Amino acid sequence: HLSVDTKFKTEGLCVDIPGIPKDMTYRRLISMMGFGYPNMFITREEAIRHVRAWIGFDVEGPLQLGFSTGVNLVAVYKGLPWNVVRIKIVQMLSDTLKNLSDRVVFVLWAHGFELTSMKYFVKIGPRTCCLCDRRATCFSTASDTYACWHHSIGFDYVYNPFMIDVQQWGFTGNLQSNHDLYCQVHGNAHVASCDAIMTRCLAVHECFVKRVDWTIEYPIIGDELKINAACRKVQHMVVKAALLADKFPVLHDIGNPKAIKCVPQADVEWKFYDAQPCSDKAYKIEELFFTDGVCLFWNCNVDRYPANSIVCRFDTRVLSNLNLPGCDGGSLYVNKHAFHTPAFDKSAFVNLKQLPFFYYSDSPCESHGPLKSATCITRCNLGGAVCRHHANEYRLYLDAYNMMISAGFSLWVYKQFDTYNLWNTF
Ligand SMILES: C#Cc1nc(CNC(=O)c2cc[nH]n2)cs1
Ligand SMILES: [Zn+2]
Ligand SMILES: [Zn+2]
Ligand SMILES: [Zn+2]
């Protein structure tokens, strides 16, 4: 954890707090703010481990409280006393975070009012939820009880929040000049939430775009495992069928250097090319480069795919608990590991078409241990009646396919791809 005796640089606070000592520790800062929880403030490394909990927060002077959720509240939304503002803050954080994290991390660009305003809606102390086993994130003065984000309805204080001041990381210039170096999507409309949004965006850029640590693991919070297994199932299905239908002599597999053949029994000449996940801008196809056979780009984000490609590309616009808002239109996809992904661009696919759903199988029609569909490509459907085994497998594959799509992945293929060509493999 971050030692409370660590020095805190106070130059960013001195316009809101004139006269503040240059020599300052976290210990003295927390005291001046009026306050298993050794420090309210955390290290960059702890913050990165808890990116799902990040909420940018800015206060502008009555005071306008702005959050990276887009919300502005005025404490005296129009101005209201702190005793009702705090209730809204609890509800807002609880609904934003209950399916993401066991805590909140306020990401600051600290100039003073934000820190001195915390005592009006934060309480600290040593706890678990009164109604479950999750750690407590809220407190209620009405009942003198504690709750997690799931059981906090009607609570009035944030309990043991964490926080980090981006201005401690060693920047020159103000927030907007640093944020705008990397991102054109978030403006500065001069409301507190705009600053809150830029602050979080800059932190995401510093910690996941220019710096990358794929060794950090993140807890399971949703359908991660089913999604990942579906992606492997779809990858095998689509590539196997492409090879059967068009009989490419060579396949160029471009992407993760730890990739394995997804169709190990295919006859094709399989050649690998190493490219790590690009976290900043999509790769330029000119630099990466292939006109023989087919190219496979499985989550290898390029600016324009060649016409002879099979592509899986994550759609950064998808709304889900796994996909967090990112930098310059990118998104931070957190599924076991954290992957910042450049903004989705439909123009990357101009040479391709959307891959249609289909299910293909050459396995024997046998049930161990009634489906009608034009897209069940099997011997039994060719012959007029889908067998029970392929019926079961088709419905499982459909489920997997829909899971992958709903998670944000999109699939694209060379324009000549035609499932009609699979029927003659039977
Ligand atoms: C009541 C009331 C108040 N409204 C504001 C407006 N906020 C800003 O102009 C701003 C500047 C930078 N970021 N936001 C401050 S106090
Ligand atoms: Zn609970
Ligand atoms: Zn931004
Ligand atoms: Zn069958």
Side-chain angles (χ1 to χ4, degrees), residues 48-54 95-103 132-135 148-150 204 207-208 212 214-241 253 255-264 276-279 296-301 310-326 330-341 344 355 357-361 363 368-369 389-412:
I48 286 166
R49 292 192 346 262
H50 297 288
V51 72
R52 284 163 165 158
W54 288 9
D95 295 347
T96 299
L97 294 177
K98 60 181 168 208
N99 296 314
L100 300 185
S101 169
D102 65 345
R103 68 196 60 219
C132 78
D133 298 344
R134 303 178 181 92
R135 93 175 261 280
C148 74
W149 298 130
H150 290 98
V204 170
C207 298
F208 300 94
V212 183
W214 302 304
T215 73
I216 295 187
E217 271 259 334
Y218 292 87
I220 298 307
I221 59 166
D223 288 324
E224 285 96 316
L225 301 176
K226 274 191 197 63
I227 290 166
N228 296 340
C231 284
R232 273 180 306 250
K233 196 136 140 183
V234 178
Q235 187 192 29
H236 172 78
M237 175 76 69
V238 165
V239 170
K240 173 182 187 161
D253 198 341
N256 176 240
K258 297 278 202 174
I260 181 85
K261 284 202 210 190
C262 56
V263 184
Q276 292 285 9
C278 65
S279 41
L296 177 64
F297 298 89
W298 203 264
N299 297 314
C300 187
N301 307 310
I310 296 155
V311 176
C312 178
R313 162 60 144 117
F314 185 75
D315 186 346
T316 52
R317 306 168 297 169
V318 67
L319 286 121
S320 82
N321 298 321
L322 302 181
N323 195 37
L324 309 172
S331 75
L332 187 61
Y333 178 67
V334 181
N335 181 326
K336 289 176 72 262
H337 305 290
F339 310 93
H340 195 269
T341 304
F344 185 82
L355 171 81
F357 172 85
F358 66 93
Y359 165 77
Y360 175 87
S361 175
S363 71
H368 285 305
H389 168 73
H390 282 128
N392 294 343
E393 289 294 297
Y394 170 99
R395 286 163 168 147
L396 290 170
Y397 183 75
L398 185 57
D399 283 351
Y401 188 89
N402 282 332
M403 167 83 62
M404 152 165 204
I405 296 300
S406 80
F409 295 95
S410 72
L411 296 165
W412 307 82

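We number each residue from 1, following the sequence as shown. Atom set for the values below is all heavy atoms of this structure, side chains included, hydrogens, waters and symmetry mates excluded.
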| field | Spatial distance of atom OH (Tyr360) from atom CE (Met237) [nearest 0.5 Å] | value | 10.0 Å
| said: I'd like to know if the side chain of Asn323 reaches the main chain of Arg317, judged simply by a donor and an acceptor atom lying under 3.5 Å from each other, with no hydrogens or angles considered. | reply: no
| message | Is there a side-chain contact between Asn256 and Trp298 in this structure, where contact means two heavy atoms from C-beta onward sitting under 4.5 Å apart? | response | no
| message | Could you check whether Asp315 and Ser410, counting side-chain N and O atoms only, form a donor-acceptor pair closer than 3.5 Å? | response | no
| salt bridge (charged side-chain N to carboxylate O under 4.0 Å, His left out) contacts touching residues 224-241 (sequence neighbours left out) | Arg52-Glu224, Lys240-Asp362
| message | What's the separation between atom NE2 in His340 and atom SG in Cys207, rounded to the nearest 0.5 Å? | response | 11.5 Å
| said: As an exercise, state the distance from OH of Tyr218 to CG of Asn335, rounded to the nearest 0.5 Å. | reply: 12.5 Å
| query | Hey, are the side chains of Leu100 and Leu324 touching, using non-hydrogen atoms and a 4.5 Å cut-off? | reply | yes
| request: Please state whether the rings of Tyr397 and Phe357 are parallel, tilted or perpendicular, taking 30° and 60° as the class boundaries. | output: tilted
| Considering only heavy atoms from C-beta outward, does the side chain of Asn301 approach that of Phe344 to under 4.5 Å? | no
| field | Distance in Å, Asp253 CG paired with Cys262 SG, rounded so as to fall on 0.5 Å steps | value | 6.5 Å
| said: Counting only heavy atoms from other residues, nucleotides and ligands, does the tally under 6.0 Å from CD1 of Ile220 exceed 12? | reply: yes
| remark: The ring pair (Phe, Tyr, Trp, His ring centres under 6.0 Å) partners of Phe409 (sequence neighbours excluded) come to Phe314, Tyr333
| query | Taking the six-membered ring for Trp, are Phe339 and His337 parallel (under 30°), tilted (30 to 60°) or perpendicular (over 60°)? | reply | perpendicular
| task | Search all heavy atoms of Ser363 against all heavy atoms of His389 and return the closest pair with its distance. | result | OG-NE2, 3.7 Å
| message | According to ring pair (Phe, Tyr, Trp, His ring centres under 6.0 Å), who are the partners of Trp149, at least two apart in sequence or on a separate chain? | response | none
| said: Taking the side chain as everything from C-beta on, heavy atoms only, tell me whether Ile221 gets closer than 4.5 Å to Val334. | reply: no
| query | So how far is it from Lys261 NZ to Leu296 CG, rounded to the nearest 0.5 Å? | reply | 13.0 Å
| field | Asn299 side, atom CG; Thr341 side, atom OG1 - distance, nearest 0.5 Å | value | 8.0 Å
